[PDB]
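File shown: start-v2.cif (mmCIF, C-alpha atoms and all ligand atoms; chains and numbers go by the auth columns).
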```cif
data_upload
loop_
_atom_site.group_PDB
_atom_site.id
_atom_site.type_symbol
_atom_site.label_atom_id
_atom_site.label_comp_id
_atom_site.label_asym_id
_atom_site.label_seq_id
_atom_site.Cartn_x
_atom_site.Cartn_y
_atom_site.Cartn_z
_atom_site.B_iso_or_equiv
_atom_site.auth_seq_id
_atom_site.auth_asym_id
ATOM 1 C CA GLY A 1 89.995 119.545 114.047 0.00 67 P
ATOM 2 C CA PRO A 2 89.203 116.879 113.479 0.00 68 P
ATOM 3 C CA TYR A 3 92.099 116.176 111.132 0.00 69 P
ATOM 4 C CA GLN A 4 91.858 112.979 109.060 0.00 70 P
ATOM 5 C CA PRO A 5 94.427 110.209 109.571 0.00 71 P
ATOM 6 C CA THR A 6 97.766 111.248 108.081 0.00 72 P
ATOM 7 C CA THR A 7 101.534 111.299 108.451 0.00 73 P
ATOM 8 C CA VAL A 8 103.044 114.556 109.661 0.00 74 P
ATOM 9 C CA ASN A 9 105.942 115.649 111.808 0.00 75 P
ATOM 10 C CA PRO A 10 104.190 117.623 114.534 0.00 76 P
ATOM 11 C CA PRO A 11 105.626 120.856 115.954 0.00 77 P
ATOM 12 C CA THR A 12 107.043 120.985 119.455 0.00 78 P
ATOM 13 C CA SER A 13 104.806 122.514 122.188 0.00 79 P
ATOM 14 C CA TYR A 14 101.606 121.118 120.673 0.00 80 P
ATOM 15 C CA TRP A 15 99.326 118.439 122.039 0.00 81 P
ATOM 16 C CA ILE A 16 97.964 115.967 119.497 0.00 82 P
ATOM 17 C CA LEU A 17 94.642 114.706 120.802 0.00 83 P
ATOM 18 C CA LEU A 18 93.802 111.369 119.186 0.00 84 P
ATOM 19 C CA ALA A 19 90.242 110.066 118.951 0.00 85 P
ATOM 20 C CA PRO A 20 90.390 106.330 118.091 0.00 86 P
ATOM 21 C CA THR A 21 87.404 103.963 118.074 0.00 87 P
ATOM 22 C CA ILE A 22 88.902 100.484 117.492 0.00 88 P
ATOM 23 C CA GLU A 23 91.424 98.508 119.531 0.00 89 P
ATOM 24 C CA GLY A 24 94.958 98.198 118.108 0.00 90 P
ATOM 25 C CA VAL A 25 97.693 100.591 116.975 0.00 91 P
ATOM 26 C CA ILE A 26 96.185 104.091 116.986 0.00 92 P
ATOM 27 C CA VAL A 27 99.364 106.058 116.266 0.00 93 P
ATOM 28 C CA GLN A 28 103.014 105.388 115.509 0.00 94 P
ATOM 29 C CA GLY A 29 106.038 107.632 115.055 0.00 95 P
ATOM 30 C CA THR A 30 109.797 107.553 114.578 0.00 96 P
ATOM 31 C CA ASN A 31 112.896 109.727 114.302 0.00 97 P
ATOM 32 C CA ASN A 32 114.416 107.025 112.086 0.00 98 P
ATOM 33 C CA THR A 33 117.480 106.886 114.323 0.00 99 P
ATOM 34 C CA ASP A 34 116.893 105.507 117.814 0.00 100 P
ATOM 35 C CA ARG A 35 113.102 105.427 118.468 0.00 101 P
ATOM 36 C CA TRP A 36 110.103 103.702 116.958 0.00 102 P
ATOM 37 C CA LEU A 37 107.097 104.446 119.113 0.00 103 P
ATOM 38 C CA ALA A 38 103.410 103.663 119.196 0.00 104 P
ATOM 39 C CA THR A 39 100.334 103.663 121.327 0.00 105 P
ATOM 40 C CA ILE A 40 98.043 100.630 121.411 0.00 106 P
ATOM 41 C CA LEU A 41 94.417 100.613 122.486 0.00 107 P
ATOM 42 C CA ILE A 42 92.892 97.576 124.220 0.00 108 P
ATOM 43 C CA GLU A 43 89.166 97.103 124.767 0.00 109 P
ATOM 44 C CA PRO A 44 87.721 96.400 128.251 0.00 110 P
ATOM 45 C CA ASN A 45 88.175 92.983 129.867 0.00 111 P
ATOM 46 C CA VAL A 46 91.101 91.422 128.023 0.00 112 P
ATOM 47 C CA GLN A 47 92.891 88.801 130.097 0.00 113 P
ATOM 48 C CA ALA A 48 96.626 88.269 129.448 0.00 114 P
ATOM 49 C CA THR A 49 97.030 87.370 125.744 0.00 115 P
ATOM 50 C CA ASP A 50 99.619 87.438 122.941 0.00 116 P
ATOM 51 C CA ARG A 51 98.232 89.812 120.309 0.00 117 P
ATOM 52 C CA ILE A 52 99.656 90.568 116.867 0.00 118 P
ATOM 53 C CA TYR A 53 100.050 94.229 115.846 0.00 119 P
ATOM 54 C CA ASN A 54 101.203 95.837 112.614 0.00 120 P
ATOM 55 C CA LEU A 55 103.883 98.209 113.851 0.00 121 P
ATOM 56 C CA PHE A 56 105.814 100.000 111.117 0.00 122 P
ATOM 57 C CA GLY A 57 104.802 97.388 108.579 0.00 123 P
ATOM 58 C CA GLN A 58 105.954 94.400 110.656 0.00 124 P
ATOM 59 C CA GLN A 59 103.855 91.799 112.449 0.00 125 P
ATOM 60 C CA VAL A 60 104.764 92.055 116.149 0.00 126 P
ATOM 61 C CA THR A 61 103.539 89.792 118.941 0.00 127 P
ATOM 62 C CA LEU A 62 103.046 91.569 122.260 0.00 128 P
ATOM 63 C CA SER A 63 101.833 90.115 125.566 0.00 129 P
ATOM 64 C CA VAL A 64 99.011 92.481 126.612 0.00 130 P
ATOM 65 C CA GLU A 65 96.110 92.736 129.062 0.00 131 P
ATOM 66 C CA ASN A 66 93.388 95.049 130.276 0.00 132 P
ATOM 67 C CA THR A 67 92.028 94.028 133.667 0.00 133 P
ATOM 68 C CA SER A 68 89.492 96.874 133.669 0.00 134 P
ATOM 69 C CA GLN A 69 85.904 95.667 133.316 0.00 135 P
ATOM 70 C CA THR A 70 84.544 99.028 132.206 0.00 136 P
ATOM 71 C CA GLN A 71 87.398 101.101 130.756 0.00 137 P
ATOM 72 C CA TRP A 72 89.560 100.917 127.654 0.00 138 P
ATOM 73 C CA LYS A 73 93.329 100.876 128.013 0.00 139 P
ATOM 74 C CA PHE A 74 96.110 102.761 126.193 0.00 140 P
ATOM 75 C CA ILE A 75 99.670 101.411 126.362 0.00 141 P
ATOM 76 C CA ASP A 76 102.768 103.078 124.936 0.00 142 P
ATOM 77 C CA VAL A 77 105.398 100.893 123.284 0.00 143 P
ATOM 78 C CA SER A 78 108.952 101.644 122.208 0.00 144 P
ATOM 79 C CA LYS A 79 111.877 99.920 120.480 0.00 145 P
ATOM 80 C CA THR A 80 115.291 101.455 119.868 0.00 146 P
ATOM 81 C CA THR A 81 116.330 99.646 116.670 0.00 147 P
ATOM 82 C CA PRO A 82 114.458 98.423 113.577 0.00 148 P
ATOM 83 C CA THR A 83 114.736 94.816 114.854 0.00 149 P
ATOM 84 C CA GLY A 84 114.588 95.685 118.575 0.00 150 P
ATOM 85 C CA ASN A 85 112.066 94.273 121.022 0.00 151 P
ATOM 86 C CA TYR A 86 109.190 96.481 122.143 0.00 152 P
ATOM 87 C CA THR A 87 108.757 97.538 125.786 0.00 153 P
ATOM 88 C CA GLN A 88 105.410 98.719 127.210 0.00 154 P
ATOM 89 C CA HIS A 89 104.995 101.913 129.280 0.00 155 P
ATOM 90 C CA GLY A 90 102.539 104.294 130.907 0.00 156 P
ATOM 91 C CA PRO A 91 99.060 102.726 130.948 0.00 157 P
ATOM 92 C CA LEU A 92 96.050 105.021 130.647 0.00 158 P
ATOM 93 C CA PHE A 93 92.656 103.609 131.631 0.00 159 P
ATOM 94 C CA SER A 94 90.043 105.579 129.712 0.00 160 P
ATOM 95 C CA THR A 95 86.328 106.069 129.400 0.00 161 P
ATOM 96 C CA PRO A 96 86.436 108.774 126.666 0.00 162 P
ATOM 97 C CA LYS A 97 88.907 106.779 124.493 0.00 163 P
ATOM 98 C CA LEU A 98 90.987 109.903 123.871 0.00 164 P
ATOM 99 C CA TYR A 99 94.779 110.000 124.024 0.00 165 P
ATOM 100 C CA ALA A 100 97.153 112.954 123.826 0.00 166 P
ATOM 101 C CA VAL A 101 100.840 113.359 123.103 0.00 167 P
ATOM 102 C CA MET A 102 103.171 116.361 122.985 0.00 168 P
ATOM 103 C CA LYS A 103 106.828 116.827 122.090 0.00 169 P
ATOM 104 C CA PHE A 104 108.401 119.543 124.255 0.00 170 P
ATOM 105 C CA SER A 105 111.854 120.238 125.750 0.00 171 P
ATOM 106 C CA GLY A 106 113.166 116.987 124.204 0.00 172 P
ATOM 107 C CA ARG A 107 110.514 115.013 126.115 0.00 173 P
ATOM 108 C CA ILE A 108 107.273 113.345 125.106 0.00 174 P
ATOM 109 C CA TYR A 109 104.390 114.205 127.380 0.00 175 P
ATOM 110 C CA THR A 110 101.328 111.941 127.709 0.00 176 P
ATOM 111 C CA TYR A 111 98.442 111.294 130.152 0.00 177 P
ATOM 112 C CA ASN A 112 98.627 108.441 132.623 0.00 178 P
ATOM 113 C CA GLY A 113 96.503 106.687 135.215 0.00 179 P
ATOM 114 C CA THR A 114 92.714 106.362 135.245 0.00 180 P
ATOM 115 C CA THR A 115 90.110 108.810 133.901 0.00 181 P
ATOM 116 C CA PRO A 116 88.569 110.947 135.173 0.00 182 P
ATOM 117 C CA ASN A 117 91.760 111.517 137.273 0.00 183 P
ATOM 118 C CA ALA A 118 94.470 111.026 134.607 0.00 184 P
ATOM 119 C CA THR A 119 97.520 113.291 134.988 0.00 185 P
ATOM 120 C CA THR A 120 100.400 114.290 132.690 0.00 186 P
ATOM 121 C CA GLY A 121 103.725 112.489 132.766 0.00 187 P
ATOM 122 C CA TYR A 122 106.606 112.245 130.354 0.00 188 P
ATOM 123 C CA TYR A 123 109.316 110.178 128.790 0.00 189 P
ATOM 124 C CA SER A 124 112.901 111.432 128.678 0.00 190 P
ATOM 125 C CA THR A 125 115.311 108.612 127.734 0.00 191 P
ATOM 126 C CA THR A 126 116.414 110.505 124.608 0.00 192 P
ATOM 127 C CA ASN A 127 115.562 113.716 122.776 0.00 193 P
ATOM 128 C CA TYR A 128 112.242 113.055 120.982 0.00 194 P
ATOM 129 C CA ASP A 129 111.797 116.484 119.311 0.00 195 P
ATOM 130 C CA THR A 130 112.095 115.142 115.741 0.00 196 P
ATOM 131 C CA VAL A 131 109.797 112.084 116.164 0.00 197 P
ATOM 132 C CA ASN A 132 107.115 112.159 113.471 0.00 198 P
ATOM 133 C CA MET A 133 103.553 110.830 113.638 0.00 199 P
ATOM 134 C CA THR A 134 101.367 108.521 111.593 0.00 200 P
ATOM 135 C CA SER A 135 97.881 108.687 113.052 0.00 201 P
ATOM 136 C CA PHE A 136 95.402 105.991 112.215 0.00 202 P
ATOM 137 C CA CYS A 137 92.551 107.992 113.740 0.00 203 P
ATOM 138 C CA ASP A 138 91.067 111.461 113.567 0.00 204 P
ATOM 139 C CA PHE A 139 92.893 114.016 115.705 0.00 205 P
ATOM 140 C CA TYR A 140 92.941 117.567 117.029 0.00 206 P
ATOM 141 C CA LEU A 141 95.700 120.038 117.802 0.00 207 P
ATOM 142 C CA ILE A 142 95.870 121.865 121.148 0.00 208 P
ATOM 143 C CA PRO A 143 98.725 124.261 121.865 0.00 209 P
ATOM 144 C CA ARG A 144 100.637 123.900 125.134 0.00 210 P
ATOM 145 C CA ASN A 145 99.161 127.198 126.376 0.00 211 P
ATOM 146 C CA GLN A 146 95.678 125.602 126.344 0.00 212 P
ATOM 147 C CA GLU A 147 96.815 122.316 127.950 0.00 213 P
ATOM 148 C CA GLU A 148 94.149 122.616 130.653 0.00 214 P
ATOM 149 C CA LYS A 149 91.583 122.002 127.873 0.00 215 P
ATOM 150 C CA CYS A 150 93.519 118.921 126.742 0.00 216 P
ATOM 151 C CA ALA A 151 93.414 117.459 130.272 0.00 217 P
ATOM 152 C CA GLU A 152 89.702 118.237 130.295 0.00 218 P
ATOM 153 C CA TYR A 153 89.047 116.254 127.087 0.00 219 P
ATOM 154 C CA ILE A 154 91.238 113.323 128.149 0.00 220 P
ATOM 155 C CA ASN A 155 89.341 112.923 131.409 0.00 221 P
ATOM 156 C CA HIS A 156 85.822 113.910 130.319 0.00 222 P
ATOM 157 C CA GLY A 157 85.659 113.628 126.534 0.00 223 P
ATOM 158 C CA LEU A 158 84.832 116.328 124.015 0.00 224 P
HETATM 159 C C1 LIG B . 104.122 113.542 118.530 0.00 301 P
HETATM 160 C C2 LIG B . 104.914 112.257 118.620 0.00 301 P
HETATM 161 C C3 LIG B . 104.024 111.054 118.328 0.00 301 P
HETATM 162 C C4 LIG B . 104.732 109.735 118.599 0.00 301 P
HETATM 163 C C5 LIG B . 103.769 108.563 118.388 0.00 301 P
HETATM 164 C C6 LIG B . 103.694 107.617 119.590 0.00 301 P
HETATM 165 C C7 LIG B . 102.969 108.299 120.746 0.00 301 P
HETATM 166 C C8 LIG B . 103.252 107.643 122.085 0.00 301 P
HETATM 167 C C9 LIG B . 104.650 107.987 122.585 0.00 301 P
HETATM 168 C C10 LIG B . 105.208 106.758 123.259 0.00 301 P
HETATM 169 C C11 LIG B . 106.534 107.008 123.940 0.00 301 P
HETATM 170 C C12 LIG B . 107.015 105.651 124.415 0.00 301 P
HETATM 171 C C13 LIG B . 107.837 105.738 125.669 0.00 301 P
HETATM 172 C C14 LIG B . 109.319 105.809 125.389 0.00 301 P
HETATM 173 C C15 LIG B . 110.062 105.110 126.516 0.00 301 P
HETATM 174 C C16 LIG B . 111.446 105.667 126.509 0.00 301 P
HETATM 175 O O1 LIG B . 112.187 105.299 125.576 0.00 301 P
HETATM 176 O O2 LIG B . 111.767 106.518 127.389 0.00 301 P
#
```
Show how you would write the structure in this file as structure tokens.
Amino acid sequence: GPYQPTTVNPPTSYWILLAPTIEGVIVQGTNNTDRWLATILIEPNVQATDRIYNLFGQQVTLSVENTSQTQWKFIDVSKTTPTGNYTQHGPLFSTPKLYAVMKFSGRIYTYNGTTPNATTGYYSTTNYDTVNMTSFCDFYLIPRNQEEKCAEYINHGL
């Protein structure tokens, strides 16, 4: 990398390492059947607030917060129908402002917790293997077999 913002359908067993700079929707993806997914970035020190986000072309109001005074915050969101409500999942508090996602074994793997001690976790409520990706930021590809490097960049930056 870095790869410029684009829409692709990433391969399974690859980490996409996203390098956003501005708060808001950094990436979104869908399988056009049962999942519309995104990750939102929130700057430090945002008390509970209704914010409007363009998700898949629609203006969506989400109640969000970031209680961290020093770190940025990634939140995953998901809806299961075109008109469904979004639910928030898996906060990552981040100093490097990097976020990674991988489709593998039907699951989506991400990093969770607080850098520099963020750890991998995953979602598994359906098979996500065919979910595509529209990235609004520059990104890198890291194969599963070099995942240790991915964890390194998430927690410590490039
Ligand atoms: C490579 C795929 C990219 C998909 C783009 C969005 C990246 C974040 C993934 C968020 C998953 C949301 C959690 C789903 C909750 C659930 O339904 O189990």
Could you tell me which residues the PyMOL selection byres (((chain P and resi 122-134) around 8) and not hetatm) returns for this structure, as a CSV table (one decimal) with C-alpha atoms, keeping the file's coordinate frame?
```csv
chain,number,residue,atom,x,y,z
P,94,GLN,CA,103.0,105.4,115.5
P,108,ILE,CA,92.9,97.6,124.2
P,109,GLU,CA,89.2,97.1,124.8
P,110,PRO,CA,87.7,96.4,128.3
P,111,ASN,CA,88.2,93.0,129.9
P,112,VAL,CA,91.1,91.4,128.0
P,113,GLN,CA,92.9,88.8,130.1
P,114,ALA,CA,96.6,88.3,129.4
P,115,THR,CA,97.0,87.4,125.7
P,116,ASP,CA,99.6,87.4,122.9
P,117,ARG,CA,98.2,89.8,120.3
P,118,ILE,CA,99.7,90.6,116.9
P,119,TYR,CA,100.0,94.2,115.8
P,120,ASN,CA,101.2,95.8,112.6
P,121,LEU,CA,103.9,98.2,113.9
P,135,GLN,CA,85.9,95.7,133.3
P,136,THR,CA,84.5,99.0,132.2
P,137,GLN,CA,87.4,101.1,130.8
P,138,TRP,CA,89.6,100.9,127.7
P,139,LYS,CA,93.3,100.9,128.0
P,152,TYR,CA,109.2,96.5,122.1
P,159,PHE,CA,92.7,103.6,131.6
```
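Evaluated against this file, the PyMOL selection byres (((chain P and resi 68) around 10) and not hetatm) yields residues 67, 69, 70, 71, 83, 84, 85, 203, 204, 205, 206 and 207 of chain P.
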Residues selected by the PyMOL selection byres (((chain P and resi 176) around 7) and not hetatm), written as a list in words: residues 166, 167, 168, 174, 175, 177, 178, 186, 187 and 188 of chain P
Edge lengths and centre, in Å to one decimal, as lines of an AutoDock Vina configuration file: that's what I need for the box along x, y and z that holds all listed atoms of range 169-180 of chain P plus 5 Å on each side.
```
center_x = 102.9
center_y = 113.3
center_z = 128.7
size_x = 30.5
size_y = 23.9
size_z = 23.2
```
Point-to-point distance in Å for CA of residue 164 in chain P and CA of residue 195 in chain P: 22.3 Å
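Picture a line from atom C2 of ligand LIG 301 (chain P) to CA of residue 184 in chain P; it runs 19.1 Å.
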Ligand LIG 301 (chain P) neighbours within 8 Å using all atoms listed in the file, as number ranges by chain: P: 75-77, 81-82, 93-96, 101-105, 142-146, 153-156, 167-169, 174-176, 189-192, 194, 197-201
All residues 6 Å or closer to residue 106 in chain P, only C-alpha atoms, same chain fewer than 3 positions away omitted, as number ranges by chain: P: 90-92, 140-141
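CA of residue 100 in chain P to CA of residue 165 in chain P spans 23.4 Å [interatomic distance, one decimal].
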Within 10 Å of residue 181 in chain P using all atoms listed in the file, minus same-chain residues under 2 positions, as a PyMOL selection string: chain P and resi 137+158-163+177-179+183-185+217+220-223
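In terms of minimum interatomic distance to residue 213 in chain P, P:79 ranks closest within P:147, P:79, P:74, P:171, counting all atoms listed in the file.
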